[PDB]
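Let me begin by presenting the structure, written as structure tokens, before commenting on it.
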Amino acid sequence: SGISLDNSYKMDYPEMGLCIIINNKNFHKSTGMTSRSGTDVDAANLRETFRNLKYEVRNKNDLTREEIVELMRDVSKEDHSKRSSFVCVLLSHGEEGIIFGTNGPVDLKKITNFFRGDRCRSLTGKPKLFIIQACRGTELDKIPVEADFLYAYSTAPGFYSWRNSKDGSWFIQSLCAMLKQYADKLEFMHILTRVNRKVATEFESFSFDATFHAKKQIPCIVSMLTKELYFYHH
Amino acid sequence: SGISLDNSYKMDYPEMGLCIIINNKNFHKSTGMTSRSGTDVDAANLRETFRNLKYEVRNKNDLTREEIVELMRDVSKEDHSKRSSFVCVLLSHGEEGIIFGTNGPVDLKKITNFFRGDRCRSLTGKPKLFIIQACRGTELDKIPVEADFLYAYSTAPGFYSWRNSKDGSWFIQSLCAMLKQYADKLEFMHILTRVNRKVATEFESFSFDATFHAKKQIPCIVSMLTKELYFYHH
Amino acid sequence: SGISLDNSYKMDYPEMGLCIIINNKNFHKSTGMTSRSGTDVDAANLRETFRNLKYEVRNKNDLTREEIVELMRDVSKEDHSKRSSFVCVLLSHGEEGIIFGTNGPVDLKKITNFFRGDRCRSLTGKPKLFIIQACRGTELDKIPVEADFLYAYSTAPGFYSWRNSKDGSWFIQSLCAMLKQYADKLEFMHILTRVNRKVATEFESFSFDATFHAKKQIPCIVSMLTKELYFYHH
Amino acid sequence: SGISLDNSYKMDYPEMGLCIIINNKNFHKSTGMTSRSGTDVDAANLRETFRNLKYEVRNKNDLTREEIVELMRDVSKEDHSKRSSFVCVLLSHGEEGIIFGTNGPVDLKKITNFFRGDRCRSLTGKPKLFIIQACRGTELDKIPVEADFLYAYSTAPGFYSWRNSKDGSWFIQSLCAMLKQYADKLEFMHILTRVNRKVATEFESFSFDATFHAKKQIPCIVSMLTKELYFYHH
Amino acid sequence: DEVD
Amino acid sequence: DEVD
Amino acid sequence: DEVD
Amino acid sequence: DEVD
């Protein structure tokens, strides 16, 4: 054959892969965590968006910390040989490096470690995308086993992340809109960059509380990918 | 005029901007930190690379924690009106969120905060790139004020970063090689993705100590950029 | 005079000192933090307890993060020359190293730094006690400027702290009971040790949620004191 | 019998218990950690001190992170039924919550968890003392499973800890001197309070480097004990 | 608008 | 019983 | 090879 | 004097 380049991930496997959406809206009273109004809008938006990208979407609602770990463990033990990639979307409360189950926190590392290059062989060398809509603090504005991971954080390290009770979270709203408009044209990093601009320029908080009023947000793309990622092929 | 798009940063200002390289090789004996053999190779490699990109390079060697803060403060107080961007390269020992001065640590946030959109107006809306060659742990393998920042980490969160005493650090070697080869062709994120692949596939540690032997590394691109970044223009 | 020993703090100054009680029960809706039912019982219990110890008690309710810092700053700028010690009680939500204002978190270090030996001279060499009823995580079960500080934590590092909506928090209930019974007999560390035993043996959570049910708690005494502390004298 | 009180730990078991001393002086070159000159003085001082307290001392030198965990695991699996308490002394480099093996770090929680009330039944209800001479940062100056633990930290949270190459560490020197002089007279917390005063008043660093010169230190007693602890009995 |  |  |  |  002619000259071959390996600058982009092979996305023409029989299946694009799984898109696991963990939508946590209602939390156990004992946790003292509020209901995440609008997250259902996000979950539905994501389901539709990734459905159009040909991902096998599995929407899960209100999972405990135990259920989250078990689900991720089970998913990581599946045969992903015929799958091009893996996507996991986490919609919940959170802190830096943490995502909340309905009854308590789960270390993000715990979840992501299941898919490490040496722990999930059928996904080795394939893009593993983790999209996280959760706060990361309280501020207001052979190959490496960690390789091939992409973390699309809704907000910068140490900052709160905003969610509108009616329209859904700023990040997810923007992500879905950009994926819908550019998934068949742009490389993923460029799509996430558009998401960054959309969130940073089109949103500002409105609150009766001066402390939380007129605040801005900037998402945070964390890439350990080794190749360009296009959702389309050939 | 015809249809205009604002998908990429305006890089045709009179000057590309400053490229501050903090090269810390020798540390005060009291810190107990080893000399970073090979870092001079990195500093020279970076100076040449960014020189070809038309950046105003300023190489600083062995700066104390006080000198680092003062330098960054002073640089952030300069008039960057005619500059397209800002680049700061940190070569030193480090921990997660920390970079070492010759006599002690400096919070990376401290350094980066000087360039926040509201603290350095002449750089507001312009790309602020921080390239960090330092360990991030001990594991082995209106616009938002935080917007327009790009953190090109040499290694993933919580991991050691590798440096060869003769050839320089794996990350810097790869970064410079990719910038030299693709700065006039590819968007920055795509260049950093090539850097990720180069580091992940072409390097493996060799150590007489089994604990540090045959280890791999994957860099970590952290983007809060709102537009595509091309070093070339028009 | 005869042989003199300096094993215990001089507690016979004209005044025992201030006892600042920050009682945060209701938080701004935007924080998403629950109302701390029962904390008023704690605040009243503490006021009475320290009143009997002859402390100048100042009860503050629902202070924002800004108000907390300002209060502590102002208090630290007072003339404590005629005061034997200083006590600050914090009743609120919290995380490891953090205490919540009604509108957001406050670094505990921020608060305590105001009273450092070099920042509050009228308190240098005198015992500075910080009693903290707040969670420290989500787990379930010349002289040094940092010298002369005592941190009476309600729970161990990384753990939740329990509060009963009717009787008040386990720690404060126990602390007040032990101070009432032993303040005129035992040295402070021994009193706090009794508090540890009382909390560890007399309390167990009852919850309809299995995750938070039948849990235990152990307080955490952190001492940087240089002398024994007796509330009584001569 | 007459009135009985349970305010102090039963220390009249056939054996006082084990005193495990992990003395790490030389570290693997790859770690980049300096040799801890003077630590042998500490190890010998501790061995003698605890020998006089009738503890079964086991001195271990230069243990890797793997060896430390294995040792602690094995020790925690021993039958401590006839032992009154347990003492573990860690002499090494460290960071907040971390102690270094000769080839890498070990989470202190990892080590201490082996002795939790539910994991080491023969030690349940007995005092478990962990004495730690290591830095905790870089600043310069049924019963709960976590119950019955005492952490005698050489320095406050976030601070460096000082060690003299000739006389040994400030903390260990002081601890041994106070144990020798007061172990047959005072309760343990009072002994540690004397240690705090000795370290805080009798030591000051002397360094050719202004950054590390004339610095002070204050140890940090962290108690989760539920009873008073006297090394002597009947 | 609410925070997560 | 509630946590803080 | 050395770590930073 | 040295730090640990």
Side-chain angles (χ1 to χ4, degrees), chain B residues 32 34 138 207-212, chain D residues 16-78 80 83 85-95 97-108 110-112 114-115 128-136 151-155 160-177 179-180, chain H:
Chain B
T34 61
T138 55
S207 175
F208 291 148
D209 183 1
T211 300
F212 290 79
Chain D
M16 280 294 274
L18 306 181
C19 174
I20 297 65
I21 298 165
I22 301 304
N23 181 220
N24 282 356
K25 181 178 184 180
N26 292 133
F27 301 71
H28 292 191
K29 184 177 182 179
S30 297
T31 65
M33 307 202 107
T34 61
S35 293
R36 301 179 57 262
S37 302
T39 192
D40 288 341
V41 178
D42 279 357
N45 202 171
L46 289 160
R47 179 181 180 78
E48 179 60 14
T49 302
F50 284 88
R51 179 186 74 80
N52 292 318
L53 295 186
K54 312 305 177 182
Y55 276 88
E56 184 182 329
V57 184
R58 298 186 188 160
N59 283 75
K60 304 301 177 187
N61 299 123
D62 297 333
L63 296 185
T64 63
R65 58 194 296 169
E66 290 79 21
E67 292 175 317
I68 291 304
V69 171
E70 172 189 59
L71 177 65
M72 295 302 106
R73 184 194 308 277
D74 290 349
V75 171
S76 75
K77 286 179 178 179
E78 286 184 24
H80 302 262
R83 301 171 182 160
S85 56
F86 177 70
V87 180
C88 173
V89 188
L90 304 170
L91 312 174
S92 186
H93 283 286
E95 293 176 50
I98 291 164
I99 192 74
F100 280 79
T102 56
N103 64 334
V106 177
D107 272 3
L108 282 172
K110 173 76 165 181
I111 294 299
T112 59
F114 285 125
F115 306 89
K128 295 163 277 286
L129 324 178
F130 290 84
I131 302 277
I132 311 163
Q133 169 53 49
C135 293
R136 302 181 67 185
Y151 304 86
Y153 291 102
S154 65
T155 195
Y160 277 122
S161 183
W162 289 93
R163 165 179 43 73
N164 183 271
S165 66
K166 177 171 61 180
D167 313 319
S169 75
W170 299 358
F171 179 62
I172 301 300
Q173 285 180 244
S174 304
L175 175 65
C176 291
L179 278 174
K180 289 189 175 63
Chain H
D1 296 326
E2 301 180 342
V3 293
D4 268 334

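Lettering of chains follows the sequences in order, A, B, ..., and the numbering in each one begins at 1. As a basis for the values below, the full set of heavy atoms in this structure was taken, side chains included, without hydrogen atoms, waters or symmetry mates.
In this structure D/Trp162 satisfies the ring pair (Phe, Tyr, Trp, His ring centres under 6.0 Å) test together with D/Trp170, sequence neighbours excluded.
Around the NZ atom of D/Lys180, the shell of radius 6.0 Å holds more than 12 heavy atoms that belong to other residues, nucleotides or ligands. Heavy atoms of other residues, nucleotides or ligands lying less than 6.0 angstrom from NZ of D/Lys25 number more than 12.
Two residues are said to be in side-chain contact when any heavy atoms from C-beta on lie closer than 4.5 Å; D/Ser161 and D/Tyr153 fail this criterion. No side-chain heavy atom of D/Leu108 sits less than 4.5 Å from a side-chain heavy atom of D/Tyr151. Put simply, the side chain of D/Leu175 does not reach to within 4.5 Å of the side chain of D/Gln133, judged on heavy atoms. Residues D/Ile172 and D/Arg163 form no side-chain contact, since every pair of their non-hydrogen atoms from C-beta on lies 4.5 Å or further apart. A heavy-atom distance below 4.5 Å is not found between the side chains of D/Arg58 and D/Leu71. Side-chain contact between D/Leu91 and D/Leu46: present, with at least one pair of heavy atoms (C-beta onward) separated by less than 4.5 Å. With a 4.5 Å cut-off on side-chain heavy atoms, D/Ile68 and D/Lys60 do not count as touching. In this structure the side chain of D/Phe171 never reaches within 4.5 angstrom of the side chain of D/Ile132, judged on heavy atoms.
When atom types are taken as modelled, the side chain of D/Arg136 and the backbone of D/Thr155 share a donor-acceptor pair closer than 3.5 angstrom. Although no hydrogens or angles enter the test, the distance criterion places a donor-acceptor pair under 3.5 Å between the side chain of D/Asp42 and the main chain of D/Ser169. A donor-acceptor pair under 3.5 Å is formed between the side chain of D/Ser85 and the backbone N or O of D/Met16. D/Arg73 places no side-chain N or O within donor-acceptor distance of the main-chain N or O of D/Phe114, the cut-off being under 3.5 Å. Put simply, the side chain of D/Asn24 gets close to the backbone of D/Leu63: a donor and an acceptor are under 3.5 Å apart.
Classification of the D/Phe86-D/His80 ring pair by plane angle, with boundaries at 30° and 60°, yields perpendicular.
Judged as a salt bridge (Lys or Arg N to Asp or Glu O under 4.0 Å), not a single pair has a partner in residues 61-70 of chain D (not counting sequence neighbours).
Checking each of D/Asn23, D/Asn61, D/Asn26 against D/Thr39 for a side-chain hydrogen bond (donor to acceptor under 3.5 Å, both in side chains) leaves exactly one that passes, namely D/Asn23. When each of D/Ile20, D/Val87, D/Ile99, D/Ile111 is tested with D/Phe130 by the rule side chain to side chain contact (heavy atoms under 4.5 Å, CB included), just one qualifies, namely D/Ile111.
Between D/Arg83 and D/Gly17 the shortest heavy-atom distance is CB-CA, 3.7 Å. Taking both residues in full, the closest heavy atoms of D/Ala152 and D/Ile131 are given as CB-CD1, 3.0 Å, listed atom of the first, atom of the second, then distance. Closest non-hydrogen pair, H/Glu2 versus D/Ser35, comes out as OE1-O, 4.2 Å. For D/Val89 against D/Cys19, the heavy-atom pair with the smallest separation is CG2-SG, 4.4 Å. Residue D/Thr34 comes nearest to D/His93 through the heavy atom pair O-NE2, 2.8 Å, listed as atom of the first residue, atom of the second, then distance. Residues D/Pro105 and B/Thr138 approach most closely at CG-OG1, 3.0 Å, considering heavy atoms.
Going from atom CD of D/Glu48 over to atom CG of D/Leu53 covers 10.0 Å, rounded to the nearest 0.5 Å.
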